[PDB]
Structure formats: C-alpha cells, structure tokens
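Residue numbers (PDB author numbering), protein chains in the order written: chain A, 898 to 947; chain B, 848 to 997; chain C, 799 to 847; chain D, 199 to 248; chain E, 299 to 399; chain F, 51 to 250; chain G, 48 to 97; chain H, 40 to 234; chain I, 40 to 234.
Now the structure itself:
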C-alpha cells in the first residue's frame, strides 16, 4: 500500500472541506474548498494518463 | 557594407558539400561491397543516399538573391543592410538554436543527404522495394536487415 | 463610454438600449432591480444550496 | 373587376406609405385601428361594388 | 366576385396587421430607430435591383467558423473494380508439403 | 501471420507481429494482411509488394472443442475499390457453436450475396451469430467464454512479451481487471456543476 | 388560366402566326418562346398573375 | 507534462465555433458548459480575435469579432469570418424582422426564442420597397431567396410546412441601438448624395 | 481585463486556420515565428482538438486533428473538419501530382525547388484515363476548373502566366498515398487491358 501525494492531497482536501463548512462566511471558503476538491476530481478524471 | 561579401558562405558551403560528396562516395564504395553479397534467397542488396536541401538554406539563398537585388537598389544601403541582416541573423539563429533539427539540417552534412535501403535483382538489377527502417516482418527478416546494415 | 462598458459587461436586457442619455433611465432601473430583486435572491439560493 | 383590384391595391400602398410617413404619430394610427370600418375604403369603387 | 372579395380581405388583413405591428414599436427604443430607417429607405429606388446592392457596416454576429481546411479531410474516389466475382473458395493444393535442405 | 490471424479473430485491437519486437510494439496491421503486403516496393505504383490490390475478400477462422462441442470463430474483410485504407474495407465477424458453419460455408454465402445475404444467412442458421461491428461480436464472445476482454489482451501480448521488464505494468494493465473510478469521480464532480452555476 | 397551360396554348398560337415573318416568331422551341413572352406580359403589366 | 483543457470545454467550444451561435433550448449542455467557463472560453478564442457575447434572458450565446491591435476595422474583413457581409437589401428585411421580433417579445415576454411570422405577411412589406412586379411567383421567389441568404447568416429558420418561420433571437444583437444608429447615419449619408 | 496574445502569433494562427497551411514561401517570417513558438501554437489549438504537423525540410507548416488514441469510433469524428471524397478526376490529378512530387524529389533530393509542369502535358495525362468530353477546348477548360478546385485545397498554385503550375508541399502529407498509387496503377492497367 502507498498513499501517493494525490491521495494524501485529496484527504487533505476532505479535511479542508470539513473545516470550511464549519466556518460560516460569505460562502467563499465553503465554496472554495468544495470547488478545489471537485477540481482534484476533474483533474484526475481528465488526465487519467498521468 | 561593400566590403561585405558572399565569400563567407561560399567557402562554408563548399566545405559542407565536400563533406556530402565524401559521404556519397564512400557510400558508393560500400555499395560496391553490397553488390557482391546476396540478401534474400533471390535478391542482393543496395544502400541509398539522396540530397537534402532544407528550408533554412532555401531562405538563405532567397535572402542572398534579395541582397543582390538590394545592391541594385539604393536607399543609403538600408535595404542592403536589412537583407544582409536577415541572412546573418538566420545564420546566428541556427548557431544559437543548433539543437533544433532545422539548424542541424542547415549546418550538418549528415542531414544534407538522406539515406535508405533497397532490394535488388541479382539477375537484371531491377528494384521493387525501398525500406527506411525494418518495420513489418515475421521474425528473422528484421534479423537479416539489421545484421546486414549494421 | 461607461454605458458602453456596461454593455460590454452586459449579459441580459441592456441590449435593448444604447449608450445615450435616454438609455440612462433604463440603466438606473436595472441597477435598482439588480441591487434589490436579483442580488439578494441569488445569494439566498446560492448559499442555501 | 380588374380595375377594382387595382383600386384596392392603390389605396393600400397609399395608406402604408402615409403611415410610414407618420413614423411616430400614434394618434392617427390608433384612430384608424380603433375604427370598425375598412381602412381601404376607395369608395369610388368600393361603395358601388358593395 | 368572390375572387375580388378575397383579394380585398387578404390585403385588408395584411394592412391591419402592419397597423398593429407599427403601433407597438412606434416608440420603443429600437422601434423608433427602425421607423426612421424605414422612411430613409423609402427614398431609395428598389427597382435598381442590382446597383443599390450596396454593403452596409452592420455588426458581425453569429460568425461561425467551419470547414477548417485540414488535409485529413481528403479522401479519394471509391473506384469500383469488378474484374470478377469473389466466388473462389477452394482449399487448393496450397497446403501441400515439399521442402529443401 | 497465422498467429496474427488468430489474434484478429480473438481481440478488438491486437498488437500484430508483436514477436519481432519482443513485447512492446506492433508494426503490421489488419489491412496489410487483407491485401497481402510484403514490403515497401517502389512505393509509387508498384503492386508487387501488395498481393491483392484489386477488389479482394479475406477470411480467417478456427475451431476448438470442449466436451465434444466445437466452437468456430470467423471474420471477413473485403474491399470494393483500388482505395487502400481502412474506411473502404467492409467487415464481418462470426461466432458459431454449430460445427457445420465453416469458413467454407461463410465464404460461399458471401460469394452468393453481399452483407445483406450474410444477414439473411444469420437469420436462416441456428447456432450462428455474425456481426459487421466488432463491439457486439466480442461482447457475445466474452459472455460466452465468461472471460473479460482484458483476458484476451493478456493472451495476445503473452504470445510474446518475454521481457517482463518491470512487473508494475505487466500486472496493472495486462493482468488486472480495471475498475478505476474516473467515470464515477466525474459523475460526482458533475453533480456539483449545478451549484457552480448558481455560484457563477 | 394555369401558367404553363397558357404557355402551351400561347406556343400553339405562336406557331400559327410564325408566317408573320417580320416579327420572327421562334421556331426551334415555341414553348420556350411562350415562356419568354409571358415574362414580357407580366413585366409590362398586361397580365398580373396570382 | 500536458495540460489538456477540459475535454468537455473542448466539445462545447468546438461546437459553438461550428455554428457561430448556440441556443439553450436546443443544446443546453454545451451552453451551460460555456456559461461555466466563459473566461476560459474567451482566452481560448482570444488568439483568434473572436469573442463571446451572452443573452441569458433568451438563452443564446454567439461569437463576435474582436476589435483590437488593428483598431476598429470593418469586422467582416477578418479572415476567419466565413461569409460575405450583409447587404442593405438583406438589411431591409432585417429591420422588418426585428420589428416583428420585438413586437412579439413585448406581448409574449422574453421567455422563448419562438418569435414566429408567416411568409405572406412579409409580402406587403417588401412590396412597398421592392415594388409590385405583379407576379406572386417572382415576389415570393425573391422573398424566399432573401430568407435563404439570411439563414446563411443564421438569423432565421427556413420555412416550415405551414409557410411559417421562427426568428432566431440573435437578430436582436444584430439590430442594436448602436449599430442601428451607425446604419441610420450612413443611410442618411447615402440619401444626401443620392440627392 | 485579460492580456492579449502576441499579434504575430495570432496572425499566423488565423492564416493557418483559413488555409490549413503556412509556408516559407507565403509567410516566411510568420514561419520563423511559429517555429520559435510552437508551444504557444499547440496550446492555442488544443482546446479545439487541433494541432500542427510541421515540415522543416520543405518549409511547410500544416494542421492535423489532434484527437487521442483508441477512440470509441474507430476513426476520428471532428465537429469542425468536414470531410470530402473527391471525384475521380481530382483524385487522379492529385495522384499524378503526388508521384510527380516524388519523382522530382527523387531526381533532385528533398526540398529542391519544384519544376513547373505544363498544362500541355497534363491534358495528355487526363486523356490517358478520361477519354474526351468532345473537344480539346473542353479538356483544357475542365483541367483549369479542377486546378482551381485543387488550389482551393491549397495543393497547387494557380494556373500560372505560362500555363504551367507548381506543386504545394502539402502534397508530401496527403491522407493516404497508397490509395492514390493503387488507383493510378489500376487505372493504367485497366486502360492497357481495355484497348
């Protein structure tokens, strides 16, 4: 088993999203974290050859 | 500017074409050797070489002709200077980007003549084949091709 | 010039009008409507969802 | 009959030309439309024909 | 009689419809400009059908691009060659054996 | 050539002539075999290097036996013009448990009629199914043998592939079935597009 | 009258009077000439067609 | 190594280019996709000097030639714009179309691209300008020929079975106040020399 | 708001998209520029699934679909690049010109300036496989028509002032020369058998 920087970063993003939802704001943070997480999703799905 | 001349490019191209000619001559000798062996059960083999003239030297000679025309024209030597400048700047761009295959083509006698292989009729000398590499094959064809050429 | 910039940014109804004083009244109407009707409800839905 | 049609057509083009002439004068336009009567009354023909 | 009656009613319908159309747009921002354009147009001779064929600088909206000239789009005629029918099937003696040293 | 014929029968996209490479390349191909290519020739008009230049038809097949029952697979590849590219080639794939459906019968049927008569032959016959499109052909093949297409790929490359240069590739691609969730992750990412649009 | 029915009848009548030499009534295709002449009688407003 | 743009973005942008415009009610997916990355769209098109306008209130997108680094220009002269410029005969129909479009919008709302007219209604309108050659065959022929040219510019769908047509809303962004004003100016200029 | 691509690169890009080609003989300085900036080019093109193939021997840049490997449809389908299948006359002329280019480079090497080919010899060659439409005038006229069409695809120059023409190095990268040569040999053999 190995947790590559990719999976490590995704789990970091999961923690970040948890953190962002907890903080209440103009939606900037919650949206930001959710969006970067979905961005990792999209990047993986797109560049599935890398 | 009048002291500027084509003497620089003529000697360089003369030496380069001398290298190309030497390559082709020794290829002819190797062909003589290749005329003695038989490659396939019913063929003998020959090597090939053609002459490469790059877009780089094409533009070089276009700029040379336009420079000669610029000497016909007179605008205080500024069109003359611009033509010679484009030419020398292209030369220096080839030297600077020597890595790019275009510059290599512009400077390299090895680039300046391409190579290929062909299969020969031992009986008549006729030809129906020319291979650039060794693709296709059944196993063993590659072996013969590689061994012979190598 | 700023009316033209407004149209350059425009996305909807402002095409009905040009870059002249007569278009100004509609500019103001739309500014009010954006500030009052649009922006708060859009924020409502966005944050809610 | 062939002439009555010409009369209608002439009255039509006249009316339309004029109302292009009245670009902004809603008064006449609404005055025509609100009326029940035909907008193409070329009576010299129309009425006799009727 | 009915022929002329219908030729009348049709034109009546068209003019009433034009009346309704001009009425609403008679003042709307663009509509007033359009009417201005209509009247300036009235002056031109439309029977000059191919000389007032004159280009105006209207905006270029809906500019599609297509038919990009890529060499790959080229393909060559399917020249049918029908020297014979494909009926041959036999196994032949081409599976027979005889070999050298 | 014969091994390549087999691999063509089996796989969607086999590495032809893989053996000459040693396991990492293929440089012959379907149409070359269909047209009997043998070498470059003069490359300007010479048809000697290409044996079957005119309208030609090619067929290959094989038959195995488990528990006495024999399954034969086949394929047909015919051109109708001097055109020398894949697009101008017409296809058939064949899948039969009836031993009587031999390559000879199928070739006879084609001689008797084009693709339409081959469809009619499929209608008439039992224990026979044939497909001009390879997707359905290999789908039926795979739900018949109960081994995924990945299996056949490993089979082909296994014919050669003596290197095993490094295990990681061999296993991850050739051996192991695939269920990486790129599509599923996209699915998730796409559910959020709605929210993104209200945001925008 | 149907347009081409008229073309036909006119071409028939045209050939009848080709003997009127000075007006050079077409011979190689009187039907085409009937068409090229109905064009004229429309363009000259003798016959509106509807 | 590589940074392939979102393949979805590639689909949407390439389609949009293929048609010059793009309508929601027809192809909402690529439409929303471009709505999702209008900046990326723009920067993709920017090298080509092609730029995207937007109309959400009717469900439209479309290209429009940029005007930079060779100021202003007659847009049409750009190499990539693929058709010949509108000509005032077309424009004469264009004005009528726009009139009908705005008139229908001002009573059915802006909630549809289904602004419709029957061909026969146009006939009187042109008849005033292009005159009355007195043969329905000629006038209707010229009418459909004009309409055809316009659908070439994409403004109006071709006739249906019921001799009725749908105005494409892109018409509105053609019959701009600003552009109409430049047009009226140049037209009065023509009047002044015709006299 | 956004920065704007280098004007020269945008120029070369737009030209290359109008004509699928850029050449030392046509825009040689743009040719040098793109050669120094190919990454910019491909980056611009890749959202559209477009990409250049290059030819430094013959001073030719050209386009080519960039789509990836192992597609769902065995052959690529591209929203923009619509495909043509030429009539026999054109295809035959192309094959003729292709083997002409090959012969010229055989005798003169790669990149050697093309010699001009005479309509005077073309009309015979067409006569080899096309018979006669009714006159030499018709032969020459249709030859020039097809040459116009070919120049339309950029594969040749215009009919020059001396009723010769020159070949465009784009020929060096046609779709499938095997299709050309198979057809050419088949045609000559067919006519030899028929006679």
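For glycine and all other residues, C-beta sits at the position ideal for the given N, C-alpha and C.
Notebook entry, point to check: For chain F, is any of its Cβ atoms less than 8 angstroms away from the one on residue 903 of chain A?
Noted result: Your numbering for residue 903 of chain A matches position 6 in the first chain. Answer no: the Cβ-Cβ gap between residue 903 of chain A and chain F never drops below 8 angstroms.
Item checked: Span of the alpha helix (DSSP H), counted from its first residue to its last, around residue 329 of chain E -> Numbered from 1 along the fifth chain, position 31 holds the residue referred to as residue 329 of chain E. Counted as a single uninterrupted DSSP element, the alpha helix (DSSP H) harbouring residue 329 of chain E occupies residues 327-340.
Item checked: Burial state of residue 901 of chain A, where buried means 16 or more other Cβ atoms lie within 10 Å -> As a working note, residue 901 of chain A is residue 4 in the first chain. When all chains shown are included, residue 901 of chain A counts as exposed.
Notebook entry, point to check: Counting Cβ pairs, one atom from each stretch, are 3 or more of them under 8 angstroms apart for the stretch 142-151 of chain F and the stretch 114-124 of chain F?
Noted result: The stretch 142-151 of chain F, when compared against the stretch 114-124 of chain F, does touch it at the 8 angstroms Cβ threshold.
Margin query: Rounding to the nearest angstrom, what Cα-Cα distance links residue 68 of chain H and residue 244 of chain F in this structure?
Written below: By one-based count along the eighth chain, residue 68 of chain H stands at place 29. By one-based count along the sixth chain, residue 244 of chain F stands at place 194. Using only the alpha carbons, I get a separation of about 12 angstroms.
Next item on the list: Drop a sphere of 10 angstroms on the beta-carbon of residue 234 of chain F, count the other beta-carbons inside from all chains shown, and report buried for 16 or more, exposed for fewer.
Entry: Residue numbering aside, residue 234 of chain F sits at position 184 when the sixth chain is read from its first letter. Under a 10 Å Cβ-count criterion, residue 234 of chain F is classified as exposed, with fewer than 16 other Cβ atoms of the shown protein chains found around its own Cβ.
Check: Name the residues in the stretch 148-176 of chain H whose C-beta lies less than 8 angstroms from a C-beta of chain G; which are they?
Finding: From the stretch 148-176 of chain H, only 172, 173, 174, 175, 176 have a Cβ closer than 8 angstroms to chain G.
Checklist line | 9 angstroms Cβ cut-off: residues of chain F touching residue 222 of chain I | finding: Looking up residue 222 of chain I in the ninth chain gives position 183. Going along chain F in sequence order, the residues near residue 222 of chain I (Cβ under 9 angstroms) are 131, 132, 133, 134.
Next item on the list: Just the chain H side, please: which residues come within less than 9 angstroms of residue 809 of chain C by C-beta, in chain order?
Entry: Against the third chain, residue 809 of chain C aligns to sequence position 11. Simply 92, 93, 94, 95, 96.
Checklist line | Buried versus exposed call for residue 103 of chain H [16 or more other C-beta atoms within 10 Å across all chains shown] | finding: Numbered from its first residue, the eighth chain carries residue 103 of chain H at position 64. Under the 10 Å beta carbon count, residue 103 of chain H is surrounded by 16 or more other beta carbons and is classified as buried.
Margin query: In whole angstroms, give me the CA-to-CA distance for residue 916 of chain A and residue 936 of chain A.
Written below: By one-based count along the first chain, residue 916 of chain A stands at place 19. By one-based count along the first chain, residue 936 of chain A stands at place 39. Each residue's alpha carbon lies about 18 angstroms from the other.
Margin query: Quick check on DSSP: helix, strand or coil for residue 364 of chain E?
Written below: Within the fifth chain, numbered from 1, the residue matching residue 364 of chain E stands at position 66. In this structure, residue 364 of chain E counts as coil in the three-state DSSP scheme.
Next item on the list: Kindly indicate which three-state DSSP category residue 56 of chain I falls into: helix, strand or coil?
Entry: Working through the ninth chain from its first residue, we reach residue 56 of chain I at position 17. Residue state, collapsed to three classes: helix.
Next item on the list: Sort out for me which residues DSSP pairs residue 62 of chain H with in a bridge.
Entry: Numbered from its first residue, the eighth chain carries residue 62 of chain H at position 23. Checking the DSSP bridge columns, you'll see residue 62 of chain H partnered with H/99.
Item checked: Below-8 angstroms beta-carbon distance, residue 804 of chain C vs any chain H residue -> The residue you call residue 804 of chain C lines up with position 6 of the third chain. Closer than 8 angstroms: no.
Margin query: Using CA atoms only, rank isn't needed, just tell me which of I/223, I/111, I/151, I/178 is closest to residue 160 of chain I.
Written below: Here residue 160 of chain I refers to the residue found at position 121 of the ninth chain. The shortest Cα separation from residue 160 of chain I among I/223, I/111, I/151, I/178 belongs to I/178.
Note to self: Does any residue of chain F have a CB that is nearer than 8 angstroms to the CB of residue 828 of chain C?
What the structure shows: Within the third chain, residue 828 of chain C is the residue found at index 30, counting from 1. It does not: the Cβ of residue 828 of chain C has no partner Cβ on chain F nearer than 8 angstroms.
Notebook entry, point to check: If you scan the stretch 890-916 of chain B from start to end, which runs of the beta strand (DSSP E) of 3 or more residues do you find wholly inside it?
Noted result: Counting only runs of 3 or more, we get 891-898.
Check: Rounded to the nearest angstrom, how far is the Cβ of residue 218 of chain D from that of residue 340 of chain E, given a contact under 8 angstroms?
Finding: The residue given as residue 218 of chain D occupies position 20 in the fourth chain. The residue given as residue 340 of chain E occupies position 42 in the fifth chain. Contact flag correct, Cβ pair sits at about 6 angstroms.
Note to self: In whole angstroms, give me the CA-to-CA distance for residue 985 of chain B and residue 53 of chain F.
What the structure shows: Here residue 985 of chain B is taken as the residue at index 138 of the second chain, counted from 1. Here residue 53 of chain F is taken as the residue at index 3 of the sixth chain, counted from 1. Computed Cα separation, rounded: 10 angstroms.
Notebook entry, point to check: Are there 16 or more other CB atoms within 10 angstroms of the CB of residue 949 of chain B, so buried, or fewer, so exposed?
Noted result: Position 102 of the second chain, counted from the start, is the residue given in the question as residue 949 of chain B. Classification of residue 949 of chain B: buried, given that the 10 Å Cβ count is 16 or more.
Note to self: Which of the three DSSP states is assigned to residue 204 of chain D in this structure?
What the structure shows: Here residue 204 of chain D corresponds to residue number 6 of the fourth chain, with the count starting at 1. Residue state, collapsed to three classes: helix.
Notebook entry, point to check: Taking 7 angstroms as the line, does the beta carbon of residue 226 of chain D fall inside it for any heavy atom of the ligand NAP?
Noted result: With respect to the ligand NAP, the structure shown offers nothing to examine, as it has no ligands at all.
Notebook entry, point to check: Are residue 328 of chain E and residue 214 of chain H close, meaning C-beta to C-beta below 8 angstroms?
Noted result: By one-based count along the fifth chain, residue 328 of chain E stands at place 30. By one-based count along the eighth chain, residue 214 of chain H stands at place 175. Yes, these two residues count as a Cβ contact at 8 angstroms.
Notebook entry, point to check: Less than 8 angstroms separating the beta-carbons of residue 216 of chain I and residue 94 of chain I?
Noted result: For the purposes of this step, residue 216 of chain I is taken as residue 177 along the ninth chain, with counting starting at 1. For the purposes of this step, residue 94 of chain I is taken as residue 55 along the ninth chain, with counting starting at 1. Cβ atoms of residue 216 of chain I and residue 94 of chain I: not closer than 8 angstroms.
Next item on the list: For residue 919 of chain B, name the three-state secondary structure that DSSP assigns.
Entry: Position 72 of the second chain holds residue 919 of chain B. Helix, per DSSP.
Check: How about residue 167 of chain I and residue 230 of chain I: are their beta carbons less than 8 angstroms apart?
Finding: Walking along the ninth chain from the start, residue 167 of chain I turns up at place 128. Walking along the ninth chain from the start, residue 230 of chain I turns up at place 191. Cβ atoms of residue 167 of chain I and residue 230 of chain I: closer than 8 angstroms.
Next item on the list: Taking the CB atoms as reference points, tell me whether residue 382 of chain E and residue 138 of chain F lie closer together than 8 angstroms.
Entry: In the fifth chain, the residue the question calls residue 382 of chain E occupies position 84. In the sixth chain, the residue the question calls residue 138 of chain F occupies position 88. Between residue 382 of chain E and residue 138 of chain F, the C-beta spacing is not below 8 angstroms.
Item checked: Listed by chain order, chain L residues near residue 371 of chain E by CB distance under 8 angstroms -> Absent from the structure: chain L. Protein chains present are A, B, C, D, E, F, G, H and I.
Notebook entry, point to check: If we call anything under 8 angstroms between Cβ atoms a contact, is residue 96 of chain F one with residue 975 of chain B?
Noted result: The count along the sixth chain starts at 1 and reaches residue 96 of chain F at position 46. The count along the second chain starts at 1 and reaches residue 975 of chain B at position 128. Yes, these two residues count as a Cβ contact at 8 angstroms.
Margin query: Relative to the C-alpha of residue 853 of chain B, which candidate in B/896, B/922, B/910 has its C-alpha closest?
Written below: Here residue 853 of chain B corresponds to residue number 6 of the second chain, with the count starting at 1. For residue 853 of chain B, the nearest C-alpha among the options comes from B/910.
Next item on the list: Go through the stretch 172-239 of chain F residue by residue and report every complete run of the alpha helix (DSSP H) that reaches 4 residues or more, in order.
Entry: List check, alpha helix (DSSP H) in window: 184-195, 199-209.
Next item on the list: Find the nearest neighbour of residue 107 of chain F within the set F/129, F/242, F/246, F/94, judged by alpha-carbon distance.
Entry: Counting from one through the sixth chain, the residue named residue 107 of chain F turns up at place 57. Nearest to residue 107 of chain F by C-alpha distance, out of F/129, F/242, F/246, F/94, is F/129.
Check: Since residue 863 of chain B and residue 960 of chain B are thought to touch, with beta carbons under 8 angstroms apart, how far apart are those beta carbons, to the nearest angstrom?
Finding: The sequence position of residue 863 of chain B within the second chain is 16, counting from 1. The sequence position of residue 960 of chain B within the second chain is 113, counting from 1. The pair is not a contact, with the Cβ atoms about 11 angstroms apart (cut-off 8 angstroms).
Checklist line | Simplified DSSP assignment, three categories, for residue 127 of chain F | finding: Walking along the sixth chain from the start, residue 127 of chain F turns up at place 77. If DSSP states are grouped into helix, strand and coil, residue 127 of chain F belongs with the strands.
Next item on the list: Can you check DSSP and say which residues form a bridge with residue 100 of chain F?
Entry: Position 50 of the sixth chain, counted from the first residue, corresponds to residue 100 of chain F. DSSP lists F/87 as partners of residue 100 of chain F.
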